[PDB]
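Peer 1:
2 protein chains.
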Amino acid sequence: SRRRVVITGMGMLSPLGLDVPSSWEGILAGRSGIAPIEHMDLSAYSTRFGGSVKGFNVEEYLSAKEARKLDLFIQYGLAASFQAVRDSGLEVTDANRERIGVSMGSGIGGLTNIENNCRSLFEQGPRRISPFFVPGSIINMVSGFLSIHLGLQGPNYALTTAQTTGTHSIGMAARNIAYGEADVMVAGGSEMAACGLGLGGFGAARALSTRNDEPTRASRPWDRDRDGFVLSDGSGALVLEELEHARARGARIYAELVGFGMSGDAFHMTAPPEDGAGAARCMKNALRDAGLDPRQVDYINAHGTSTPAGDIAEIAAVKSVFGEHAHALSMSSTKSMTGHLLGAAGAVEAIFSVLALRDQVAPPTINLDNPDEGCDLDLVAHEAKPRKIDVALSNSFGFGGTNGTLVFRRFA
Amino acid sequence: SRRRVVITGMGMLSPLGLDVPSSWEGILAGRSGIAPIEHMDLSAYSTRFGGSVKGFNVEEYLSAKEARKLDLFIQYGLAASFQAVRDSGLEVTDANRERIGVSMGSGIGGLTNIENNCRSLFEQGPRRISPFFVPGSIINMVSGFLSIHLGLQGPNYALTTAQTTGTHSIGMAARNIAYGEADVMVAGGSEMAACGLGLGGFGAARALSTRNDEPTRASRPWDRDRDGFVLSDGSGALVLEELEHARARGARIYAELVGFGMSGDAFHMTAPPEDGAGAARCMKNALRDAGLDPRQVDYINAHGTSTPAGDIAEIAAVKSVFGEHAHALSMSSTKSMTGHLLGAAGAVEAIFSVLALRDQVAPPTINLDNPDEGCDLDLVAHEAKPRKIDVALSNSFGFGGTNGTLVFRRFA
Ligand SMILES: CCOC(=O)[C@@H](F)[C@H](O)c1ccc(Br)cn1
Ligand SMILES: CCOC(=O)[C@@H](F)[C@H](O)c1ccc(Br)cn1
Ligand SMILES: CCOC(=O)[C@@H](F)[C@H](O)c1ccc(Br)cn1
Numbered sequence: 002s003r004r005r006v007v008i009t010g011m012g013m014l015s016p017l018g019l020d021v022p023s024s025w026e027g028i029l030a031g032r033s034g035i036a037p038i039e040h041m042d043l044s045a046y047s048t049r050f051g052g053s054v055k056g057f058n059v060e061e062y063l064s065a066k067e068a069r070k071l072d073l074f075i076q077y078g079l080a081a082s083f084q085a086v087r088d089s090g091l092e093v094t095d096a097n098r099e100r101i102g103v104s105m106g107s108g109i110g111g112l113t114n115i116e117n118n119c120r121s122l123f124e125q126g127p128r129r130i131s132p133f134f135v136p137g138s139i140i141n142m143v144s145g146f147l148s149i150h151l152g153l154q155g156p157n158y159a160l161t162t163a164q165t166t167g168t169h170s171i172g173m174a175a176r177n178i179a180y181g182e183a184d185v186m187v188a189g190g191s192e193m194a195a196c197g198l199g200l201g202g203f204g205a206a207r208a209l210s211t212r213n214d215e216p217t218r219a220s221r222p223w224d225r226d227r228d229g230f231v232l233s234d235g236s237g238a239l240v241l242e243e244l245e246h247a248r249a250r251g252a253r254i255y256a257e258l259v260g261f262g263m264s265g266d267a268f269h270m271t272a273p274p275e276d277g278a279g280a281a282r283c284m285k286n287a288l289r290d291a292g293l294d295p296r297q298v299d300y301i302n303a304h305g306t307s308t309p310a311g312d313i314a315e316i317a318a319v320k321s322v323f324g325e326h327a328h329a330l331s332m333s334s335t336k337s338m339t340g341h342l343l344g345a346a347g348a349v350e351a352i353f354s355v356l357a358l359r360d361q362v363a364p365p366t367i368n369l370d371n372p373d374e375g376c377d378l379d380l381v382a383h384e385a386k387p388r389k390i391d392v393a394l395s396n397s398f399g400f401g402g403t404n405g406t407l408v409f410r411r412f413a
Numbered sequence: 002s003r004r005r006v007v008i009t010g011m012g013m014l015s016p017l018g019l020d021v022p023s024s025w026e027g028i029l030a031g032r033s034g035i036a037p038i039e040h041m042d043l044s045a046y047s048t049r050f051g052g053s054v055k056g057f058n059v060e061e062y063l064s065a066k067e068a069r070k071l072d073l074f075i076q077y078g079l080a081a082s083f084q085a086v087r088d089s090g091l092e093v094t095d096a097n098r099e100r101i102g103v104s105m106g107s108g109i110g111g112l113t114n115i116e117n118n119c120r121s122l123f124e125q126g127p128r129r130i131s132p133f134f135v136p137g138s139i140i141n142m143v144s145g146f147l148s149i150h151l152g153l154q155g156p157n158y159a160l161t162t163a164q165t166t167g168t169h170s171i172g173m174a175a176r177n178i179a180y181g182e183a184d185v186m187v188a189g190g191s192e193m194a195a196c197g198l199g200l201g202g203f204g205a206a207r208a209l210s211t212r213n214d215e216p217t218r219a220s221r222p223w224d225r226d227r228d229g230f231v232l233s234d235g236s237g238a239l240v241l242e243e244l245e246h247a248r249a250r251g252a253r254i255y256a257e258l259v260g261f262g263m264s265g266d267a268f269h270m271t272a273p274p275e276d277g278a279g280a281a282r283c284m285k286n287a288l289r290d291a292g293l294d295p296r297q298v299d300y301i302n303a304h305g306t307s308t309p310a311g312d313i314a315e316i317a318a319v320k321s322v323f324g325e326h327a328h329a330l331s332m333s334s335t336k337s338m339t340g341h342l343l344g345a346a347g348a349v350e351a352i353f354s355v356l357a358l359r360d361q362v363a364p365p366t367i368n369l370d371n372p373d374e375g376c377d378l379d380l381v382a383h384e385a386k387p388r389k390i391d392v393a394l395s396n397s398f399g400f401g402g403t404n405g406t407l408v409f410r411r412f413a
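So the sequences go chain by chain: B and A. Per the authors' numbering, residue 2 is the first one in the first sequence, and the count goes up by one each step. Per the authors' numbering, residue 2 is the first one in the second sequence, and the count goes up by one each step.
1. Does the beta carbon of A/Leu160 come closer than 9 Å to any beta carbon on chain B?
2. Is the CB-CB distance between A/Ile101 and A/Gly172 below 9 Å?
3. Mind checking if B/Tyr46 is an interface residue toward chain A, Cβ cutoff 9 Å exclusive?
4. Considering Cα atoms alone, identify which of A/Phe268, A/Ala30 and A/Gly347 is closest to B/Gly145.
5. What are the residues in the segment 171-183 of chain B lying within 8 Å of chain A by C-beta distance?
6. Under 7 Å Cβ to Cβ from B/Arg98, same chain only, skipping five residues before and after it: list those, please.
7. To the nearest angstrom, how far is it from the Cα of A/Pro273 to the Cα of A/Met263?
8. Considering only residues of the segment 329-412 of chain A, which uninterrupted beta strand (DSSP E) runs meet the minimum length of 3 residues and lie entirely inside it, listed in chain order?
9. Between the segment 372-379 of chain B and the segment 392-410 of chain B, can you find at least three pairs of beta-carbon atoms closer than 8 Å?
10. Please determine if the segment 320-328 of chain A and the segment 350-367 of chain A are in contact, where contact requires at least 3 C-beta pairs separated by less than 8 Å.
11. Return helix, strand or coil for B/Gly311, following the three-state DSSP convention.
12. Just verifying my parser: in three-state terms, what is the DSSP assignment at B/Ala317?
13. Are A/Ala346 and A/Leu241 close, meaning C-beta to C-beta below 9 Å?
14. Pull up the CB-CB distance for B/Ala291 and B/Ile38, whole angstroms please, since I reckon it's below 8 Å.
15. Report yes if the CB atom of A/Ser333 is closer than 9 Å to the CB atom of A/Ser210, and no otherwise.
16. Unbroken alpha helix (DSSP H) runs of length 4 or more, entirely within the segment 239-280 of chain A: which are they?
17. In its own chain, which residues sit with a C-beta less than 6 Å from the C-beta of B/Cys376, not counting the 5 before and 5 after it?
18. Look at A/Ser44 and A/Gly204 and say whether their C-beta atoms are less than 9 Å apart.
19. At a CB distance below 9 Å, what residues from the segment 131-142 of chain B approach chain A? Give them in sequence order.
20. Taking its Cβ as the centre, do 16 or more other Cβ atoms sit within 10 Å of B/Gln76, making it buried, or is it exposed?
21. Would you report the Cα separation of B/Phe230 and B/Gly251, rounded to the nearest angstrom?
22. Ignoring anything shorter than 3 residues, give me the beta strand (DSSP E) runs that lie fully in the segment 151-217 of chain B, in order along the chain.
23. Looking at C-beta atoms only, is the number of pairs between the segment 278-295 of chain B and the segment 28-38 of chain A that lie closer than 8 Å three or more?
24. What is the DSSP secondary structure of A/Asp88, reduced to helix, strand or coil?
25. Are the CB atoms of B/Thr161 and B/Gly110 within a distance shorter than 9 Å?
26. Measuring alpha carbon to alpha carbon, tell me which of B/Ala188, B/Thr335 and B/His341 ends up nearest B/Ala80.
27. Check the DSSP bridge columns for A/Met105 and list the partner residues they point to.
28. What's the gap between the Cα of A/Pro387 and the Cα of A/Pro365?
29. Report buried or exposed for A/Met142, applying the criterion of at least 16 other Cβ atoms within 10 angstroms of its Cβ.
30. Could you check if B/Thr168 is buried or exposed, using at least 16 other CB atoms within 10 Å of its CB as the buried criterion?
31. Using only alpha-carbon positions, find the residue among B/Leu356, B/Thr9, B/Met186 and B/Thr271 that is nearest to A/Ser148.
32. How close, in whole Å, do the beta carbons of A/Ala179 and A/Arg4 come, if the pair is a contact with beta carbons under 8 Å?
33. On a Cα-Cα basis, can you pick out the residue from B/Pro127, B/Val355, B/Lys336 and B/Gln297 that is closest to B/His328?
34. What number of angstroms, rounded off, separates the C-alpha of B/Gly235 from the C-alpha of B/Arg129?
35. Within 9 Å (strictly less), CB to CB, does B/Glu39 reach chain A?
36. Which one of B/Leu239, B/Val103 and B/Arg359 has the shortest CA to CA distance from B/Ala85?
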């Protein structure tokens, strides 16, 4: 048997806002968080825009001294984590601190720090590398710093599964609770890859939209004029909690996490199979995990990256899993507004999936002016769609063919 | 109910050898793999030696076409994974490919590739970044590329928990199998952090031994003259398999994985607590998970990094967990010979713990000339100790205060 897992707190930094309610308001209004990247000479780059976090104030969370030791992706992860723990109302005590752990991940981790220390190393040699370079840049330091700050002694780890990180982090944290290794977990991911090496790295692979003239129209999942994903920064964190533990302290429960699927495509390093066979196995695994018939799904938060191949693979995957129900659910890509937060994508999209359940509304796929060949599902083009949502799926597909699916349900 | 997990295949690159048996021969003979680094000019650096893999031929495993795209840490991880799979005798089929996954992790990932692409960006501009920079550097692409080459469609992920990565990767993969999420997992880790950024970064923290004039004597866990860890490269991979699945196919079983513990110190970003309280919590979690009396433990493969604070914290933890039995078990640090493979340390040390069970011998702690104050356990100083070993424990403790413990026992 297995314990039940609920969501009792959420926290976020995104291109749409510095917390969950500001981000969610932007999502339901179809606002874009995408703009030209400031304070950076991107003249020589084929992409000059992305989803930046605007006006982040790290001194709301950390002292100047502790902030200087930490890459922006760690700052962002800690901001989301502190928000989520505050939102949960949980009180850490000597009686429960061994039962509270952390799994906050990242796809690409501390590129900004690596860039700045490369500069020191190439220009002045190794003796000008910062002493906090390593501990301030390693992906497991959101989990590490959070556990030190709050006194959490539970399972402490970090996933790095590229664009799937945030989905896997949440799913595995939910397993830890379900199988009794923890009663509470803070889970999610963070990313700040808008450095030269990030825009340059994805640019070299020609994976990014180059729609420099109209950045807000660049991210257009399933639209015939899409030309690659939009690179975005931020973080998402959820407080996952065993149901009886949540009920005993009178926690506000947002939703239940009922299903988690994983699969490998075993197909290509960066491209999904055209038929989305891997994504289809992963969704089927997640529904089996939840004991749910495909017909019970109302809402899918797609991976929906705005790549030619990825977007069409997900349509094929959903038609395959859902058959005669594939048109009755609503599926949307909030990446149309946020861009692609890479390892934080799954974290912020799990939060959007929980809020779709709370507010009974499917967020829009903006910029979906001209659906592509066979993109004839209900993709919630342009504007939010109030509807019945009992069950919401959130999908992530990443480099290496690594897939994850979360299944959330309304809690009563 | 929870299924039993056994080890049916192992694979390794280390400073001592290009496979498991050559590395193990070195371990039992007390040989050092530590030597001045040849692959770059380190005259500006305070540490100029480490544990290199010597004479690695990637063309034993991969086409030159594919090898050229991958960071050394990925090449090392694939080599160890291929060795492990071949050693297992397992055949991948349409009937079992959905039930075989991979969890190969890294602490730092493709730092050589990142540094080289940073150099291109700064000297020549973004148009000179490799198109393969991201998929060839990102930590999850051991798991990704292995799944693509062998057709593994089961759970596909990667951990990054700094110096605990290999132990956590093996533990969590064992839980996948235990809980029914897979029947087989390839799990471990790989590392190649020996570039200017890595030696410079750890140097800037003053975490490394600076014994440049006697590199084979540098790694001296629990010795009064120790002065930090020795940086080393390589990979370990194990094929973990559900017991009845192994029995059904007539697999050779090396040993059974009976216990896994995790804990967070919640103390400091880099330093362990002097009393080893988190390490003690982690070992107790693992022994209770294994259903053991602590007196059943015969051998501990320590973390034993050759840091002043780390080594003595481990003695304090072991004395706290095992009481008077702490004087009866044998505990050694193979890092005395291999140095510290960071995210691959737990993976190679899990293999050495399994071979300790197969061959009924405690590997030595070489260089243990003058044991420090209170380091008065059986630390297997200088020479391998043949002895009865039914139960072997492998510990790892990392930045962020993140702890892991694996418990292995003989299988009859
Ligand atoms: C291209 C992907 O790169 C990364 O993920 C890096 F962030 C990597 O994990 C790393 C390098 C150096 C140090 Br210090 C810590 N972590
Ligand atoms: C302080 C944590 O205490 C516990 O009892 C367990 F959580 C245990 O450490 C553990 C955690 C996660 C996984 Br996977 C496996 N084992
Ligand atoms: C008996 C052989 O060893 C000695 O005589 C001493 F040198 C002692 O072993 C020592 C101390 C510090 C370091 Br570094 C290395 N060796």
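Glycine included, C-beta positions come from ideal geometry on N, C-alpha and C.
Peer 2: From the atom records:
1. Within the second sequence, numbered from 1, the residue matching residue 160 of chain A stands at position 159. Judged by the 9 Å Cβ criterion, A/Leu160 is in contact with chain B.
2. Numbered from its first residue, the second sequence carries residue 101 of chain A at position 100. Numbered from its first residue, the second sequence carries residue 172 of chain A at position 171. No, the Cβ-Cβ distance between A/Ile101 and A/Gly172 is not below 9 Å.
3. What you label residue 46 of chain B is simply residue 45 of the first sequence in a count that begins at 1. Chain A contact via Cβ: present.
4. As a first step, residue 145 of chain B is located in the first sequence; it is residue number 144 there, counting from the start. Checking every option, the nearest Cα to that of B/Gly145 belongs to A/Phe268.
5. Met173, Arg176, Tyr180 and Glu182
6. The residue you call residue 98 of chain B lines up with position 97 of the first sequence. If we look at B/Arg98 and ignore the five residues flanking it on each side, its Cβ neighbours are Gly152, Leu153 and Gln154.
7. Translated into positions along the second sequence, residue 273 of chain A becomes position 272. Translated into positions along the second sequence, residue 263 of chain A becomes position 262. Answer to the nearest angstrom: the Cα atoms are 15 Å apart.
8. 331-333, 392-399 and 403-410
9. no
10. no
11. In the first sequence, counting from the first residue as 1, residue 311 of chain B sits at position 310. B/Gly311 falls in the helix class under three-state DSSP.
12. Numbered from 1 along the first sequence, position 316 holds the residue referred to as residue 317 of chain B. Note: B/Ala317 maps to helix in three-state DSSP.
13. The residue given as residue 346 of chain A occupies position 345 in the second sequence. The residue given as residue 241 of chain A occupies position 240 in the second sequence. Contact flag unset, no.
14. By one-based count along the first sequence, residue 291 of chain B stands at place 290. By one-based count along the first sequence, residue 38 of chain B stands at place 37. Actually they are not in contact, since the Cβ atoms of B/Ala291 and B/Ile38 sit about 40 Å apart, beyond 8 Å.
15. As a first step, residue 333 of chain A must be located in the second sequence, where it is residue number 332. As a first step, residue 210 of chain A must be located in the second sequence, where it is residue number 209. No, these two residues do not count as a Cβ contact at 9 Å.
16. 244-249
17. Within the first sequence, the letter at position 375 stands for residue 376 of chain B. Counting only Cβ-Cβ distances below 6 Å, and skipping sequence neighbours, we find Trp223 and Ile316.
18. Residue 44 of chain A sits at position 43 when you count from the first residue of the second sequence. Residue 204 of chain A sits at position 203 when you count from the first residue of the second sequence. Cβ atoms of A/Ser44 and A/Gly204: not closer than 9 Å.
19. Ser131, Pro132, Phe133, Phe134, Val135, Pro136, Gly137, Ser138, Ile139, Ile140, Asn141 and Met142
20. Residue 76 of chain B sits at position 75 when you count from the first residue of the first sequence. By the 10 Å Cβ count, B/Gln76 comes out buried.
21. What you label residue 230 of chain B is simply residue 229 of the first sequence in a count that begins at 1. What you label residue 251 of chain B is simply residue 250 of the first sequence in a count that begins at 1. Cα to Cα, B/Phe230 sits roughly 42 Å from B/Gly251.
22. 185-192
23. no
24. Locating residue 88 of chain A in the second sequence gives position 87, counting from the first residue. A/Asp88 falls in the helix class under three-state DSSP.
25. For the purposes of this step, residue 110 of chain B is taken as residue 109 along the first sequence, with counting starting at 1. For the purposes of this step, residue 161 of chain B is taken as residue 160 along the first sequence, with counting starting at 1. Yes, they are a contact pair.
26. Working through the first sequence from its first residue, we reach residue 80 of chain B at position 79. Selected option, being the one with the closest Cα: B/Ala188.
27. Position 104 of the second sequence, counted from the start, is the residue given in the question as residue 105 of chain A. Partner(s): A/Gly189.
28. If you number the second sequence from 1, residue 387 of chain A lands on position 386. If you number the second sequence from 1, residue 365 of chain A lands on position 364. Near 10 Å, if we compare the C-alpha coordinates of A/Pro365 and A/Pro387.
29. In the second sequence, counting from the first residue as 1, residue 142 of chain A sits at position 141. Buried.
30. On the first sequence, residue 168 of chain B is found 167 positions in, with the first residue counted as 1. Burial call: buried.
31. Numbered from its first residue, the second sequence carries residue 148 of chain A at position 147. Nearest option by C-alpha distance: B/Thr271.
32. Counting from 1 along the second sequence, the entry for residue 179 of chain A is found at position 178. Counting from 1 along the second sequence, the entry for residue 4 of chain A is found at position 3. The pair is a contact, with the Cβ atoms about 5 Å apart (cut-off 8 Å).
33. Your numbering for residue 328 of chain B matches position 327 in the first sequence. The residue with the shortest Cα to Cα distance from B/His328 is B/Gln297.
34. On the first sequence, residue 235 of chain B is found 234 positions in, with the first residue counted as 1. On the first sequence, residue 129 of chain B is found 128 positions in, with the first residue counted as 1. C-alpha separation (whole angstroms): 29 Å.
35. Numbered from 1 along the first sequence, position 38 holds the residue referred to as residue 39 of chain B. It does not: the Cβ of B/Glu39 has no partner Cβ on chain A nearer than 9 Å.
36. Along the first sequence, read from residue 1 onward, the residue named residue 85 of chain B stands at position 84. For B/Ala85, the nearest C-alpha among the options comes from B/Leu239.
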